[PDB]
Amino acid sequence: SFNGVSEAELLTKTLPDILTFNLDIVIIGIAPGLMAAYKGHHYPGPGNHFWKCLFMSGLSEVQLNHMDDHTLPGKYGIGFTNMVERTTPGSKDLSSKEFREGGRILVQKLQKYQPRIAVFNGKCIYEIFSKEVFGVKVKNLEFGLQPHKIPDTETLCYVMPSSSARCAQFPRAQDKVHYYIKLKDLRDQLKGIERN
């Protein structure tokens, strides 16, 4: 239990997406966790490396945490959303129907606000997104920039390893910070190419 709050109570709770227009980066999660639903703020968890990697990459340029998430769209042009709106404990707890339902809702949100870069935050959520939305399932899928824009917009797709600490292949935030940096370079490159 979290400070006396049952897990069943957290499952009923939802984590509201923080979204505006003209955003440089929208961070797409898998689906909000217990700690995330509890705090009412994105990427609380003690481990998750999100806020650590955000600082180490120089994106935030100051060390922040989940409570500053609402100030991100204004200052840093960074938004938040999820593949699945439902509050879930882990990824293995999600079915295929839920992912694809969330896939439709996600792409509709993405083609609504239309940011510069739509950043997936996992391996798996883009695998399903690419198969569902683009109808393209590629063997040996890779991280980083993707060949396909979301339909009828200019928004690029960028894939990163999940900021969750459950991932053994990327044990430390030092391992995942590499993609955050390249994301920053992509953002600066889109701004410079636009002003040209």
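The first residue of the sequence shown is number 1, and the count goes up from there.
- With 126 to 134 and 57 to 65 compared on mean CA B-factor from the PDB entry, the stretch scoring higher is 57 to 65.
- Mean CA B-factor, 70 to 78 versus 100 to 108: the higher value falls on 70 to 78.
- Highest CA B-factor among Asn140, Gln169, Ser164, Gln146, as stated in the entry: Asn140.
- The entry lists a Cα temperature factor for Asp188 that places it in the highest third of the chain's modelled residues.
- Among the modelled residues of the chain, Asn121 sits in the lowest third by CA temperature factor in this PDB entry.
- In the PDB entry, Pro46 places in the highest third of its chain by CA B-factor.
- When all modelled residues of the chain are sorted by CA temperature factor, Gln174 is found within the lowest third.
- Sort the modelled residues of the chain by CA B factor and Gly29 lands in the lowest third.
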